[PDB]
Amino acid sequence: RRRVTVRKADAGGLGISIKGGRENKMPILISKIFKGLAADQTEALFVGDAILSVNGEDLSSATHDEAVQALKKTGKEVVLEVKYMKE
């Protein structure tokens with residue numbers, strides 16, 4: 001587990017496929033990272049990480065729509081706090 005800080009300037013923002021559902025008691029996680037984007041820019045985020053927080057926020061209580069909306073509604077430095085709990 002660690003905080004993945006990414007700098008945003010001119011490109012788009014993020015570039016990863018997350019998935020989660022507090023309803024099913026499942027925290028947000030990574031399911032498909034992309035290249036040529038912020039994800040591959042930090043070179044520190046592989047399928048299996050659990051996004052439990054972002055930009056100092058708690059994603060432990062925010063449906064996948066709140067995580068995707070919380071990740072899409074951000075700017076500048078993005079601290080993607082995740083926890084490696086795969087397998």
# chains A, B, ... in the order shown; residues from 1 in each chain; ligands from 1

call {"tool": "residues_around", "arguments": {"residues": "residue 17 (chain A)", "least_positions_apart": "6", "cutoff": "10 Å", "atoms": "only C-alpha atoms", "output": "list in words"}}
result
residues 29, 30, 31, 32, 33, 34, 47 and 68 of chain A

call {"tool": "write_last_selection", "arguments": {"atoms": "C-alpha atoms", "output": "CSV table (one decimal), in the first residue's frame"}}
result
chain,number,residue,atom,x,y,z
A,29,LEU,CA,-9.6,-1.5,-7.0
A,30,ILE,CA,-7.6,-1.4,-10.2
A,31,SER,CA,-8.7,-3.8,-13.0
A,32,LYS,CA,-7.0,-2.4,-16.2
A,33,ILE,CA,-4.2,0.2,-16.2
A,34,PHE,CA,-3.3,2.0,-19.4
A,47,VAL,CA,-3.8,-4.6,-11.5
A,68,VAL,CA,-14.9,7.2,-10.8

call {"tool": "select_by_dssp", "arguments": {"residues": "chain A", "states": "strand (DSSP E)", "output": "JSON, numbers by chain"}}
result
{"A": [2, 3, 4, 5, 6, 16, 17, 18, 19, 20, 21, 26, 27, 28, 29, 30, 31, 32, 33, 49, 50, 51, 52, 53, 54, 57, 58, 78, 79, 80, 81, 82, 83, 84]}

call {"tool": "closest_residue", "arguments": {"among": "A:86, A:9, A:66, A:60", "to": "residue 27 (chain A)", "atoms": "only C-alpha atoms"}}
result
A:60

call {"tool": "residues_around", "arguments": {"residues": "residue 37 (chain A)", "least_positions_apart": "6", "cutoff": "8 Å", "atoms": "only C-alpha atoms", "output": "PyMOL selection string"}}
result
chain A and resi 11+13-15

call {"tool": "residues_around", "arguments": {"residues": "residue 38 (chain A)", "least_positions_apart": "2", "cutoff": "12 Å", "atoms": "only C-alpha atoms", "output": "mmCIF file with N, CA and C atoms, in the first residue's frame"}}
result
data_model
loop_
_atom_site.group_PDB
_atom_site.id
_atom_site.type_symbol
_atom_site.label_atom_id
_atom_site.label_comp_id
_atom_site.auth_asym_id
_atom_site.auth_seq_id
_atom_site.Cartn_x
_atom_site.Cartn_y
_atom_site.Cartn_z
ATOM 1 N N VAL A 4 0.011 7.061 -4.673
ATOM 2 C CA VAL A 4 0.503 7.310 -6.022
ATOM 3 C C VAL A 4 0.152 8.719 -6.484
ATOM 4 N N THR A 5 1.096 9.641 -6.323
ATOM 5 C CA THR A 5 0.884 11.027 -6.723
ATOM 6 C C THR A 5 1.204 11.222 -8.202
ATOM 7 N N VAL A 6 0.268 11.824 -8.930
ATOM 8 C CA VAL A 6 0.449 12.074 -10.355
ATOM 9 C C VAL A 6 0.231 13.546 -10.683
ATOM 10 N N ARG A 7 1.125 14.107 -11.493
ATOM 11 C CA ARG A 7 1.029 15.508 -11.881
ATOM 12 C C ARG A 7 0.245 15.663 -13.180
ATOM 13 N N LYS A 8 -0.740 16.556 -13.170
ATOM 14 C CA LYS A 8 -1.564 16.800 -14.347
ATOM 15 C C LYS A 8 -1.272 18.175 -14.938
ATOM 16 N N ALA A 9 -1.060 18.217 -16.250
ATOM 17 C CA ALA A 9 -0.771 19.470 -16.937
ATOM 18 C C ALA A 9 -1.530 19.559 -18.258
ATOM 19 N N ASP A 10 -1.040 18.844 -19.266
ATOM 20 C CA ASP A 10 -1.673 18.843 -20.580
ATOM 21 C C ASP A 10 -1.704 17.435 -21.168
ATOM 22 N N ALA A 11 -2.846 16.768 -21.033
ATOM 23 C CA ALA A 11 -3.005 15.415 -21.550
ATOM 24 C C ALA A 11 -4.434 14.920 -21.359
ATOM 25 N N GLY A 12 -4.843 14.780 -20.103
ATOM 26 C CA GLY A 12 -6.185 14.316 -19.806
ATOM 27 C C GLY A 12 -6.428 14.159 -18.318
ATOM 28 N N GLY A 13 -5.509 13.482 -17.638
ATOM 29 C CA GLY A 13 -5.646 13.275 -16.208
ATOM 30 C C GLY A 13 -5.218 11.886 -15.778
ATOM 31 N N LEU A 14 -6.180 10.975 -15.686
ATOM 32 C CA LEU A 14 -5.896 9.603 -15.280
ATOM 33 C C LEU A 14 -5.920 8.665 -16.484
ATOM 34 N N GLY A 15 -5.649 7.388 -16.236
ATOM 35 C CA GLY A 15 -5.644 6.407 -17.306
ATOM 36 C C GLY A 15 -5.607 4.985 -16.785
ATOM 37 N N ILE A 16 -6.619 4.616 -16.006
ATOM 38 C CA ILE A 16 -6.698 3.275 -15.439
ATOM 39 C C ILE A 16 -8.146 2.816 -15.312
ATOM 40 N N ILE A 33 -5.031 -1.010 -16.061
ATOM 41 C CA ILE A 33 -4.243 0.205 -16.223
ATOM 42 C C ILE A 33 -3.910 0.427 -17.696
ATOM 43 N N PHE A 34 -3.635 1.675 -18.062
ATOM 44 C CA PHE A 34 -3.310 2.006 -19.443
ATOM 45 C C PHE A 34 -1.913 2.607 -19.556
ATOM 46 N N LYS A 35 -1.384 2.626 -20.776
ATOM 47 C CA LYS A 35 -0.058 3.172 -21.029
ATOM 48 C C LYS A 35 -0.150 4.560 -21.652
ATOM 49 N N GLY A 36 0.997 5.217 -21.796
ATOM 50 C CA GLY A 36 1.023 6.547 -22.376
ATOM 51 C C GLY A 36 0.131 7.524 -21.633
ATOM 52 N N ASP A 40 0.904 5.007 -16.378
ATOM 53 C CA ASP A 40 2.217 4.545 -16.806
ATOM 54 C C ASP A 40 3.276 5.624 -16.597
ATOM 55 N N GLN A 41 2.831 6.833 -16.273
ATOM 56 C CA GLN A 41 3.742 7.947 -16.042
ATOM 57 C C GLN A 41 4.427 7.807 -14.686
ATOM 58 N N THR A 42 3.675 7.336 -13.696
ATOM 59 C CA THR A 42 4.212 7.152 -12.352
ATOM 60 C C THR A 42 4.860 5.779 -12.199
ATOM 61 N N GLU A 43 4.559 4.883 -13.131
ATOM 62 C CA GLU A 43 5.110 3.530 -13.111
ATOM 63 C C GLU A 43 5.004 2.906 -11.721
ATOM 64 N N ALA A 44 3.833 3.033 -11.106
ATOM 65 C CA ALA A 44 3.609 2.482 -9.775
ATOM 66 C C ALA A 44 2.127 2.199 -9.537
ATOM 67 N N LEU A 45 1.562 1.307 -10.345
ATOM 68 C CA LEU A 45 0.154 0.947 -10.218
ATOM 69 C C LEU A 45 -0.202 -0.211 -11.147
ATOM 70 N N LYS A 76 -4.589 18.995 -11.056
ATOM 71 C CA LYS A 76 -3.261 19.172 -10.488
ATOM 72 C C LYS A 76 -2.732 17.839 -9.942
ATOM 73 N N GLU A 77 -2.085 17.870 -8.778
ATOM 74 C CA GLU A 77 -1.544 16.658 -8.175
ATOM 75 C C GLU A 77 -2.666 15.750 -7.681
ATOM 76 N N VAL A 78 -2.591 14.474 -8.048
ATOM 77 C CA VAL A 78 -3.601 13.503 -7.643
ATOM 78 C C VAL A 78 -2.982 12.373 -6.828
ATOM 79 N N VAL A 79 -3.232 12.386 -5.523
ATOM 80 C CA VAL A 79 -2.702 11.360 -4.633
ATOM 81 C C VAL A 79 -3.622 10.146 -4.586
ATOM 82 N N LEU A 80 -3.334 9.160 -5.429
ATOM 83 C CA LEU A 80 -4.137 7.944 -5.484
ATOM 84 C C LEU A 80 -3.691 6.945 -4.422
#

call {"tool": "atom_distance", "arguments": {"atom1": "CA of residue 23 (chain A)", "atom2": "CA of residue 63 (chain A)"}}
result
7.2 Å

call {"tool": "select_by_dssp", "arguments": {"residues": "chain A", "states": "alpha helix (DSSP H)", "output": "JSON, numbers by chain"}}
result
{"A": [38, 39, 40, 41, 42, 64, 65, 66, 67, 68, 69, 70, 71, 72]}
